[PDB]
Each structure stands twice: as structure tokens, then as C-alpha cells.
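Shown here is one chain on its own, the form deposited without the ligand, set out as C-alpha cells.
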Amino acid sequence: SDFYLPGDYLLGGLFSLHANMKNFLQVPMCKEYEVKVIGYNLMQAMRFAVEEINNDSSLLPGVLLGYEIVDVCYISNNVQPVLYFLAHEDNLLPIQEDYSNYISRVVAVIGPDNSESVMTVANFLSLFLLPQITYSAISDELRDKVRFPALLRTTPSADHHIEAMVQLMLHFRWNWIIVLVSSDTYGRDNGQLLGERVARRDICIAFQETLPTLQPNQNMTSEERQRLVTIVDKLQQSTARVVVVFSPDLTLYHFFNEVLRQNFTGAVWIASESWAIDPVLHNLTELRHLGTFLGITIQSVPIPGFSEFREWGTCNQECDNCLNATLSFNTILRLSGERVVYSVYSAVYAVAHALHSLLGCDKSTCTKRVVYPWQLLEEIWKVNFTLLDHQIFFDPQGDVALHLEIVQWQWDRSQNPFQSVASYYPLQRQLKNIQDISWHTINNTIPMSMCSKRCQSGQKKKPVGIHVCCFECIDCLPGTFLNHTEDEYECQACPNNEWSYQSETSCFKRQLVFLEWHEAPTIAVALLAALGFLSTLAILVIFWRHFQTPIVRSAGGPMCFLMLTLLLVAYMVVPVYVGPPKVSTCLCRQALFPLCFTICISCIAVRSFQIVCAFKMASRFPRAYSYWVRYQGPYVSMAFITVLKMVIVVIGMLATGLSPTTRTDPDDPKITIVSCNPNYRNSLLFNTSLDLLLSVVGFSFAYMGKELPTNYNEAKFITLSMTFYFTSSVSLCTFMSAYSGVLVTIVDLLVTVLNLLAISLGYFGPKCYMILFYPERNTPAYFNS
């Protein structure tokens, strides 16, 4: 048959011709199972490679290369072919401590197509180091040579498949995926490898689920139906739209049928090498509404003169329905190209090149020396030649880097069913050459599969759960911004007393607003204070121009001169209020203004007392009146009030502090008004409280004798000015209690100036009136009346 070709050196093979898709005493042969077409395709590929080796006189001249192909089931039969290959021509395998002398029937073996059978065969061949170049086995366990000394490969491991998947995800900016595996070891191992790899590339897995192992052509139990319904519901309720599937193609019919039944569309399915090229799943033709079906598969290499060769055509070494099965799938195989066929082609050519180098043939002659399997293994470990413009050389970990290929399913039979869109180069671990992919969206937009939307400019990132890529966007509170260069997971405040608006990423220095000379209310108050100062200067000049007069001697001469000079000082330091507040300005203000005002008011009150109530008091305490007249009672009382004010103002300094303060006003913290006392309300309340405590008694004593002529109607004018001051203080207190802002300083300064003007005018202006325009009332003869 075609399973045997006599030759100088045989070449064993293991191809899966039949698969199980629906008692140990009866051994089920492979011929009873359903016939697969891929197995016969790969067998024909290897036979063509061997025949081409025989044809080629440049490679292995005069040495016929044979082969021995045995039908190996997917799992069931994987030990008998190994024993057949290793035994001698008499079907007898000797047992010995060393096998250096032993010459096997076959010189190399092309391993099975499934990883478990590959491991089972390699564990047996390890004793004799039979070279075994497996194809399409993608498990990572075959990469190490400690337990597989004589196992080589013609297909990149699952490491490169996972890397291609991750690079495809990175290119299209997907960081929220779903991993579906199968209960077998292949799906679980691929899922674990993908989870380990993807966690370091800032891509998270929404959830991992396992699909039940379920061969087709059999009816489903209720438990598995509920399991699949739960899987589909979990997939639909999740926000991820990139679903990778690590499962053999046999168990995915029911899952996709259930997905179609549940009416769930919009998932960017990513296929592993197992089902990215299976033709039946594409022939389902109802998955075109599910979404794009990407996949990872080996780059197809067009073998010249192979299609015509394929179309031209002991125990467990026969098949009958292979040709009829391959007849139907001929056109799709022709259009889709040859992917795993080139792997077997390259394996056979690598064996041939290793044998040629071992014999040391010079393209004409061959030594025909006996070849031990371990010598051939040593030689094939170091082969490096070219084959269809591809370099075939084995890495130290038993792999030759063949280019991968990301493929997209196209539902149009006129062209390739599986249209390629990208190529992956395992040598540099780079995925490049990405063409346009027909997406499933409305206007061919790259699908969005991010778990959290990008945060708006100037928004704190708050982690939500275990996954790093998931977060919530919350605006940073006013007064802080984000330094994305430093850290975007927490707001960072801006020092140097500057505030920031909501969702603002650039703090701005607070504008320092304060009293300035060139202002409208400031110039108004300055004009009023200048007018008052000029009036008081005129009054003082008049008083000094007229002494020795009953008006100025009956009234306190030195007393009134001292009050006038104090008012002069207060008016002259009024301009100190306006300007940049420093330590000196606040010190002078608090040490000058309250002193002058309170001493003037105390003199007013004691004058009113001594002109009204002293006469009445002369009756009750006569010796007290003798004490008062002996000394200068009003002077003593004024001195006592002065030292009391010194005490209280020094206590206020030691309590409220002396440094100028910054008070964030309620309107637009962009601005900051500056005052002298950080606690201004309590200080003004204390000052006005003492002043009003003195004012009540002063005004009451004035009113008690408002009709007594005394010192030219002194009591009436004291009452006038003192009620004016009381109304001004009450107005200031009310406006203070009902307002707080920028105008506090100007209002307080205006109130102080008005109080000074009241004390000046309503107590000295009548005296100026009488002195100037009433020159007959100031004569000494008017003292009697």
C-alpha cells in the first residue's frame, strides 16, 4: 500500500486518520471511528516530501528514503505503533542497559498531532533517543529537554500563540476580556498561560469559565444545558466584548448554538489554534451575526506541485473512507491553503538534511554507514537550511520559529473562507502587517472593550475592584488639582495659598485684594477725614488765639487742648489705615485709634458728670467732694481710664495676635482680603462694649442736666454728640452682624471717621460759633448769668 515504501533508511510517521465523535475486553480499532481529512492530508504531505527527497539528486544522492506510516488514533492507540517502530524486522525488541549498539527499524519518527499522544510517545522514545519531530502540538511542556531529550517541533508553542493574542489586543486597545476554557488539559493550560501573560500588560480578565466537554452527534443532559445557559447569561451580562476560547472544535457546536438561541450579538471572538481553521464551524454560517471571528493559526506556505499530487491519489494501518471524505472538502482546502502540511514537509526535510549531513555526502557519493538514532538526533539538533524561502533551524528548546498569522473568518465562498489579516513573527515576538478587518459595528469602527471610560481632564481615578484596569472617575474637590506626571490616583493640593475651581488642573495664585489709595470709597473717606482734620485744626487755632476767656477757662483748657491734639493725631493716622497691611501699620492702628477715641469719650463723660451730677453729690458725700476738689478729680479719672484701656488693649494684643491675617471671603476665593486682627468681630465688640459702657453713663449724666446753662450749654451738645455716636455704633454693629465681606474695612473706617467728626463738631463747633460770631457772650461780665 501507500503506508510502506522500502528504502535504505525508514522514516516512521504517526497521523490521526480517525477521531471519536460518536467494555475494555474488546479493543476498538481506529477504522470503526469517523474518518478525518486532515490526517490523510498530512500523510500525503509527508509522502510527497519523501518522494521529493528520492527525486532530488542534490539531497541524499544514491540513498533511497523510505517511510512507515501507522494510523494512530487521537488517544486510544498510541503504544503499539511505538513498539512496532522500535522493534527489529522480526517484531522483537531486545532489552538492555545501553542502546548505543541498538539499531532500530525506523531512524526517525514524525510524531502525533495531539500533545497528549506526543508526550506518551516521547516518554517511550526517551530510552533510545529516537528523533521525534512533532507537528501541531502546541503545549508548553515540550519546550524543556530534561524529560523530552529526543523531541523536536515544527510549530511555535502556545507561548507565541498567547503572545500574538496579547499583541492583537494591545493594537486594538482592548483591556477587558473574557476567557473561556475547556475541562481538558489543553484549555486549562492555555487559560492559565494567558492569564499569567496578560496580567503584566495592563489587560484584565472579566471572568474565566469552563465549557463542559461535549462531543457532537449525541444528545445533551439537562445539567450541561443549564451550565451552558449560565455561561451565556454571564457572558451577556458582562461589559467585556472580547471573548477568547481555548477549546477543541468538537465541544463548541453546542455553545455556539446556545449563543445563537439566546440572541446575543456583539462579541469579538478570538480563536486559538484548535478551532481557528476548522471548516465545519464556518459552514454553520449562522455565526455571521455574532460578530467578528478572529483566530490564531500557522502561516500558510504554498507547496509547489503538491495539490496535483494530492488529487492524483499490519495492525491499525489501513483506511478506506478517507478519499470519499476528502473529496467533499477539496475546494475549501485548496482555497484556504496549506497550514499544517508545511509542518510535516519541513519535518521530513529536516530529517533528510540531518541524514545527509550525518553521512557526509558530497552531493554525488554517500558512505551508507550505519546510523544510530542518537547520532541522527545530534545532527538534526544543528540543521540550518532553506525551504520555500523559509529558514529551518531548531532553537535550543526544540522549536523552529514559523510565522504565525491572525485570521478573520469571511462568509463568502468565492474567495478564501479564512482571510488572513495579520502576521506574527515569533523570532522578534512582534505582530505586524495588520490589514483592514471587516468589523461588526455600524460604520466599521474598532470595537470598544474597555471596562472603564477614560477619566475627564482633571478627575481623580478611584479604584473600584480587584482589577487594576477598572476604576471610577470622580471630580477632585475645589482647592486641588491633579499632577498626572506624578500620580493620577489622588488629588494633590496646590501650596502657596492658591485655590482652584472644580475640574481645574492648574492652580492660580490668589489675588491679594486690599485697601488702596486710588479708590472711590477710599478717596471719599480721605476727603471726609481731611475736612474734619482741617476743621479741628481751625478750632484749635481759634482756641489758642483766644485764651483767658470764660468759655475756655470754665471749660477744661488743657483738657480741651489735649482732646483736640488727640483728634488731630487720629485724623493724621487715618491715612495709615489704607495701604498694604504690615506689622507696623496694625501696631500703630491698634495702639493709636482706640486710645484717642476712648480718652476723648472718657473726658466727655467725666466733664458731663462734674457739670451735672457733682452738685447733687455734694450733699450726700461732702468729704468725698473735698477730696475731689483738693486733687484734680477729672484728671485722675481720665488717667484711670487710660491705664484701663492700656491693660485691655494689651490683653487684646496678647490674645488675638499681631500678625496680619488672610480671610477667605465668601465670594470667589480667588481674592483674599487682609485685616489686622484675625478675630476682628470679638475685638470690635469688646472695644465698642467698653466705649458704650462709658457712653451710657456720659449721656445719662448729660441728659440729667440738659437745661442747666453750666459752661454755655455744655450738657446739650454732649447729649447731641453722644446720641450721634450711639446711633453710629448701633448701625455699625447691625451691619457687621448682617454682612461680612470686602466692604468691612471701608465701613469700619467710615464709622470711625464719623465718630471722630461727631466728637469734634458736636462738642467744639458750638464753642467756635460762640467765640467767632457771638463776641458778646464770651465777655467775663457774662459769667454771672
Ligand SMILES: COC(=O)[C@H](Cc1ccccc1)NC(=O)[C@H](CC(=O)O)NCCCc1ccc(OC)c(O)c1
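Quick note: we count residues from 1 along the sequence shown, nothing fancier.
Counting the deposited residues that fall between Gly313 and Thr314 and carry no coordinates gives a value of 10 or more.
Note that the form solved in complex with the ligand isn't included here; everything after this is about it.
For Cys30, no non-hydrogen atom is located within 4.5 Å of the ligand in the deposited bound form, even though that partner is not displayed.
The ligand in the deposited bound form is not approached by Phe471, whose heavy atoms all lie more than 4.5 angstroms from it.
In the deposited bound form, the ligand lies within 4.5 Å of some heavy atom of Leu42.
The ligand in the deposited bound form comes within 4.5 Å of a heavy atom belonging to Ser274. Residues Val79, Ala87 and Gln132 are none of them found to lie within 4.5 Å of the ligand in the deposited bound form, as judged by heavy atom distances. Only one of 106-114, 431-439, 170-178, 367-375 lies within 4.5 Å of the ligand in the deposited bound form by heavy atoms, and it is 106-114. Contact annotation: of the candidates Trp499, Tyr99, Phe255, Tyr74, the single residue with a non-hydrogen atom within 4.5 angstroms of the ligand in the deposited bound form is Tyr74. Only one of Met46, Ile38, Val63, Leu59 comes within 4.5 Å of the ligand in the deposited bound form through a heavy atom, and that residue is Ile38. Of the residues in 243-261, those that come within 4.5 Å of the ligand in the deposited bound form through at least one heavy atom are, in sequence order, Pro248, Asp249.
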